[PDB]
Amino acid sequence: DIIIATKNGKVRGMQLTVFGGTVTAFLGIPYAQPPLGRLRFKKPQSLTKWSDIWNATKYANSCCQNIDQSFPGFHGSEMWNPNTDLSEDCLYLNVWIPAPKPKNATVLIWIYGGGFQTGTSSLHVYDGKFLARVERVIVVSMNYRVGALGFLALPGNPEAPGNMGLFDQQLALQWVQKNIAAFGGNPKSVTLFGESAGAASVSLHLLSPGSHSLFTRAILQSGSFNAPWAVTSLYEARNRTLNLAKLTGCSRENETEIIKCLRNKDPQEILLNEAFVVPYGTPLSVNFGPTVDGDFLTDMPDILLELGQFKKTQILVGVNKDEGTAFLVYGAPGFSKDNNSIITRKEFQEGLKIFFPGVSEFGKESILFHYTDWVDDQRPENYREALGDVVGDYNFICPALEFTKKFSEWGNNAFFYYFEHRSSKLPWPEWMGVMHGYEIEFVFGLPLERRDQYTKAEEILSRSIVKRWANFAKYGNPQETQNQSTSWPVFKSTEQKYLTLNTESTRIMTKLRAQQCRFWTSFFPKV
Ligand SMILES: *[C@@H]1O[C@H](CO[C@@H]2O[C@@H](C)[C@@H](O)[C@@H](O)[C@@H]2O)[C@@H](O[C@@H]2O[C@H](CO)[C@@H](O)[C@H](O)[C@H]2NC(C)=O)[C@H](O)[C@H]1NC(C)=O
Ligand SMILES: *[C@@H]1O[C@H](CO[C@@H]2O[C@@H](C)[C@@H](O)[C@@H](O)[C@@H]2O)[C@@H](O[C@@H]2O[C@H](CO)[C@@H](O)[C@H](O)[C@H]2NC(C)=O)[C@H](O)[C@H]1NC(C)=O
Ligand SMILES: O=C(CC(c1ccccc1)c1ccccc1)NC[C@H](O)CNCC1CCCCC1
Ligand SMILES: *[C@@H]1O[C@H](CO[C@@H]2O[C@@H](C)[C@@H](O)[C@@H](O)[C@@H]2O)[C@@H](O)[C@H](O)[C@H]1NC(C)=O
Ligand SMILES: *[C@@H]1O[C@H](CO)[C@@H](O)[C@H](O)[C@H]1NC(C)=O
Ligand SMILES: *[C@@H]1O[C@H](CO)[C@@H](O)[C@H](O)[C@H]1NC(C)=O
Ligand SMILES: *[C@@H]1O[C@H](CO)[C@@H](O)[C@H](O)[C@H]1NC(C)=O
Ligand SMILES: [Cl-]
Ligand SMILES: [Cl-]
Ligand SMILES: [Cl-]
Ligand SMILES: [Cl-]
Ligand SMILES: [Cl-]
Ligand SMILES: [Cl-]
Ligand SMILES: [Cl-]
Ligand SMILES: [Cl-]
Ligand code: NA
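The rules behind the values
Residues numbered from 1 in each chain as written, not as in the entry; some residues may be left out. Chains lettered and ligands numbered in written order. Heavy atoms only, no water. Residues with missing side-chain atoms left out of burial classes, pairs and counts. Helix = DSSP H or I, 4+ residues; strand = E, 2+ residues; numbered from the N terminus. Rg over C-alpha atoms; globule rule 2.2 N^0.38 Å. Contact = heavy atoms within 4.5 Å. Near = heavy atom within 4 Å. Polar contact = N/O pair within 3.5 Å; in protein donor to acceptor, adjacent residues only side chain to side chain. Areas by Shrake-Rupley, 256 points an atom, 1.4 Å probe, with all protein chains shown as cover. Axes fitted to C-alpha atoms, helices over the stretch in contact; angles between N-to-C directions. Parallel < 35°, antiparallel > 145°, perpendicular 65-115°, else oblique. Nonpolar A, V, L, I, M, F, W, Y, C, P; charged D, E, K, R; others polar. Pairing = 2+ DSSP bridges. Salt bridge = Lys/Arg side-chain N within 4 Å of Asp/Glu carboxyl O. Buried < 20%, exposed > 50% of the residue type's maximum accessible area, 1.4 Å probe, protein only. Expected span 1.5 Å × (residues − 1). Arc of directions from axis to C-beta. Core = buried A, V, L, I, M, F, W, Y, C linked by side-chain atoms within 4.5 Å. Disulfide = S-S within 2.5 Å.

X-ray crystallography is the method the PDB entry lists for this structure, together with a resolution of 2.35 Å.

Student: How do you make sense of the overall build of the chain when you look at a structure like this?
Tutor: Of regular secondary structure, the chain possesses 16 helices and 16 strands. Here the chain has a C-alpha radius of gyration of 22 Å; the compact-globule value for 527 residues is 24 Å, and the two agree. If one aligns the C-alpha atoms of the chain with their principal axes, the spans along those axes are about 70 × 65 × 50 Å. When contacts within the chain are restricted to residue pairs at least 6 apart in sequence, long-range pairs at least 24 apart make up 75% of them.

Student: Looking at this model, I keep getting lost on the site of ligand 4. Mind explaining?
Tutor: Around ligand 4 sit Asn104, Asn186, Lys188, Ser189, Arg217 and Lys474, and those are all the residues in its vicinity. Between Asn186 and ligand 4, the recorded distance is 3.1 Å, taken from a side-chain N or O atom to an oxygen atom. At 3.2 Å from an oxygen atom of ligand 4 is found a side-chain nitrogen or oxygen belonging to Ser189. Burial of ligand 4 by the protein chains amounts to 38% of its free accessible area of 550 Å².

Student: Even after reading the chapter, I still don't get the packing of helix α13 (residues 382-408) against helix α16 (residues 514-523), so can you show me in this structure?
Tutor: Packed helix pairs are specified by the crossing angle of their axes together with the interaxial distance, meaning the distance between the axes. Following both chains from N to C, one finds α13 and α16 inclined at 85°, their axes separated by 9 Å at the closest point. Judged by the inter-axis angle, α13 sits roughly perpendicular to α16. Here α13 contributes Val390, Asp393, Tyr394, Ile397, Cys398, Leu401 and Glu402 to the contact with α16, which in turn contributes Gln516, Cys517, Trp520 and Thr521. Considering only residue class, the contact of α13 with α16 consists of 7 nonpolar, 2 polar and 2 charged.

Student: Sorry if this is basic, but what is going on with the sheet that holds strand β5 (residues 53-55) here?
Tutor: Two modes of strand pairing occur in sheets, parallel and antiparallel, and in both the strands are linked by backbone hydrogen bonds. Pairing is mixed in the open sheet, where 3 strands are placed in the order β1-β2-β5. On the outer flanks of this sheet lie β1 (3-6) and β5, each paired with one strand and no other. The mean inter-strand angle of the sheet, taken between neighbouring strand axes irrespective of direction, is 30°. Pairing of strand β2 (residues 9-12) with β5 involves 3 bridges; the strand directions are parallel. From the neighbouring strand, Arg12 faces β5, where its bridge partner is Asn55.

Student: Would you explain the pattern of salt bridges in this entry?
Tutor: Opposite charge on two side chains allows them to pair when their charged atoms are near. Per the stated rule, a full pass over the model turns up 27 salt bridges. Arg240 serves as the salt-bridge partner of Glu236, at 3.8 Å between the closest nitrogen and oxygen. Here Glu236 pairs with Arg240, and both are found in helix α6 (residues 234-248), just 4 residues apart, close to one helical turn. Measuring nitrogen to oxygen at the nearest pair gives 3.3 Å for the salt bridge that ties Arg379 to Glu385. Relative accessible area serves as the criterion here: at 36%, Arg379 is assigned to the partly exposed category. What you see here is one network of salt bridges that share partners, running through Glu135, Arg463, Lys467 and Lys474.

Student: Help me understand α6 in this model?
Tutor: An α-helix turns once every 3.6 residues. As a result, residues three or four positions apart point the same way. Its 15 residues place the ends of α6 21 Å apart at the C-alpha level, agreeing with the 21 Å of an ideal helix rising 1.5 Å per residue. Residues of α6 that are buried include every one of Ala237, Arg240, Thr241, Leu244, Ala245 and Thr248, and no others. The buried side chains of α6 occupy one side of the element, clustering within an arc of 140° when seen end-on. Turned more than 90 degrees off the buried face of α6, the exposed positions are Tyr235 and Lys246. On its buried face, α6 sits against α3 (147-151), α7 (255-263) and α8 (267-273). Its side-chain oxygen 3.3 Å from the backbone nitrogen of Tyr235, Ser233 forms the N-cap of α6. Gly249 sits one or two positions beyond α6 and adopts a positive phi of about 70°.

Student: It is not clear to me how the sheet that holds strand β16 (residues 508-510) should be interpreted in this structure. Could you clarify?
Tutor: Taken in spatial order, the 11 strands make up an open sheet running β3-β4-β8-β10-β9-β11-β12-β13-β14-β15-β16, and their pairing is mixed. Only two strands of the sheet have a single neighbouring strand rather than two, namely β3 (14-18) and β16. Neighbour-to-neighbour, the strand axes of the sheet open up by a mean angle of 25°, direction not taken into account. The pairing of strand β15 (residues 497-501) with β16 spans 3 bridges and is antiparallel. When the sheet's bridge partners are listed, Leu499 is paired in β16 with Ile508. Of the strands in this sheet, β9 (105-111), β11 (185-195), β12 (217-221), β13 (315-320), β14 (414-419) and β15 are in contact with helix α15 (residues 456-475), which crosses β12 at around 145°.

Student: Even after reading the chapter, I still don't get the nonpolar core, so can you show me in this structure?
Tutor: Within soluble globular proteins, side chains that are nonpolar tend to cluster in buried spots. Formed by 167 residues in total, the largest nonpolar core has its most connected members in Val95, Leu152, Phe183, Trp229 and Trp469. Here this core takes 12 residues from α13, the largest share from any one element. Excluding its chain neighbours within four sequence positions, the residues that come into contact with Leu152 are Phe41, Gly147, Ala160, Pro161, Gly162, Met164, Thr241, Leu244, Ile259, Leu262 and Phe288.

Student: Can you help me understand the state of the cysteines in this one?
Tutor: Chemically, a disulfide is nothing more than a covalent bond linking the sulfur atoms of two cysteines. Summed over the entire model, instances satisfying the criterion amount to 3 disulfides. Two residues, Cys250 and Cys261, share a disulfide whose sulfurs are 2.1 Å apart. Residues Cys250 and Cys261 are joined by a disulfide whose S-S torsion is about -80°; by sign, that bridge is left-handed. With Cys250 in the loop between α6 and α7 and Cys261 in helix α7, this pair connects stretches of sequence that are 11 residues apart. Each sulfur in the disulfide pair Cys398 and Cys517 lies 2.1 Å from the other. Judged by the sign of its S-S torsion, about -85°, the bond between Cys398 and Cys517 is left-handed. Taken as a pair, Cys398 in helix α13 and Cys517 in helix α16 lie far apart in primary sequence, 119 residues in all. For the pair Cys398 and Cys517, one class covers both residues: buried.

Right, dumping it as structure tokens:
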């Protein structure tokens, strides 16, 4: 029986058998006052002490969120839906520690994604026990508020200041600083890692002065704050808050009185109205996301990045070969997960209008022109593949490359990866390729479990990636030094080398998507 005295009271964990060894798990430790009643829409409050023993023996509630039912019964989408009760009382975190208790272990803190509208730390592909077992690091993950409940912004109004979910994440980092030593962890060796909106959160913690001293290094998988979906302007943030107020019958002339009215609404009334706060949307719509609040974010983050105003440390950044394709089956005409989605030129043009609704006709013609220079113009997958690359390059790859270039210009080691292995267990069809989200299981080491029917080559690849991530967190350098691997070189603004990750041949290349990213980063903003 293992029990740990934290600064707020004793917690009891559970022992787990992983790979013929033991990992101790503390699931569902509270780290803030439940943000209920008058605390809804406020920054999270400090946790009042307790004198009993908290049984941290099961995952806690997930934060309120809509659950999309686009593919009912399909494991490809339902593996992402919350697997605990939805409650506003969701500010809990989880801790995996190796057995026996380590002496001074490096800590990896996961921040899940989900477009800032969904997500929970209890997903099976976020299970930190494999990493604890195999690399003897400590894994932490927290639940943070999402959607309106996490990001509604009446900016300057402390009743709804914005960025509440980001402050949830920060309060959890603060908990690790105060308490992880009691679990055998090293508060001075803390690496944040997250994917998608979680990766954008990680990059915002690099900009936030309150987070500076709460972590050492950062890993950004398929996301960064300069991605077009990742920050909502103050103009949209106020239009969306007032639209949500109109939809719930909460329009009041006193801005503080709107929030009082929204605080008496059921979570479901708020959730069912989150969709319609914008008149036009896309599959990458983020209706309630990070804002420049003057607190977590002191200025527009593109300015902070461009002028070197961020934590100076190492970063690991990367993207997957087919970031875009998942978004095509959530709205592009002619696309299906149940057929090969061969689309015509005309369907490609309608696809562009879906993803770029307020872009001029000339702007959409420029995208078409850049992306239809066929190698083989007889190839019938041509338009299907170009629309995927349009959405992936614009929304993830080019922003991540630009983040890494600007960050490394201020003298820090950066490492960039290109993940191009399609999981053999991937439930989505083959035309969707190496999808958004499907490197996570490799990072968390699920293919290390031989029972799970991943291939042998996939076990090798996961084993290698797990070591690289752990070596980055421990030593700031993501090498696999023992198995004659390819050496991962630093990403420099001039050569811009990156590592490809795959089963067959991990190799070094330069200037990923160079021509595409010139179009998106330099030309497309002008249209
Ligand atoms: C800012 O919001 C207004 C209002 O949005 C409408 O009302 C909300 C309560 C919600 O139901 C939304 O879906 C509505 O669109 C936007 O004004 C609307 O714009 C559309 C398209 O331009 C137009 O067809 C509607 O008639 C407008 N309705 C009203 C009441 O003005 C406005 O576009 C938003 N500003 C943005 C998005 O920049
Ligand atoms: C691929 O499928 C899409 C979606 O159609 C649905 O799924 C299919 C597997 C099949 O079971 C269809 O009967 C389903 O309706 C096809 O696009 C649809 O085409 C119909 C035909 O007129 C149209 O009414 C719908 O609006 C279309 N929906 C979308 C989202 O485009 C598409 O034609 C199929 N492509 C190929 C190459 O077979
Ligand atoms: O997950 C989200 C987030 C959202 C998003 C928006 C902007 C940036 C990044 C992500 C998204 C992601 C993928 C498709 C559509 C939307 N929203 C809930 C929807 O159920 C999407 N299902 C989640 C998974 C679908 C298949 C593979 C990817 C994950
Ligand atoms: C635990 O280790 C501490 C040193 O941590 C190391 O230095 C910092 C700057 C980071 O770069 C981190 O990655 C390193 O692991 C010691 O200061 C501390 O006294 C140690 N405490 C115990 C109990 O062992
Ligand atoms: C916590 O778990 C132990 C052992 O399973 C049990 O004896 C104890 O009563 C539990 N405490 C609470 C508050 O449920
Ligand atoms: C609005 O509500 C707040 C909260 O009680 C109050 O302080 C303020 O005086 C009210 N009136 C105006 C005009 O802000
Ligand atoms: C290196 O190779 C051995 C077998 O030769 C394997 O057991 C080990 O897990 C590998 N390590 C990494 C980090 O890939
Ligand atoms: Cl702004
Ligand atoms: Cl490619
Ligand atoms: Cl061009
Ligand atoms: Cl053609
Ligand atoms: Cl297939
Ligand atoms: Cl095909
Ligand atoms: Cl190799
Ligand atoms: Cl390329
Ligand atoms: Na390429």
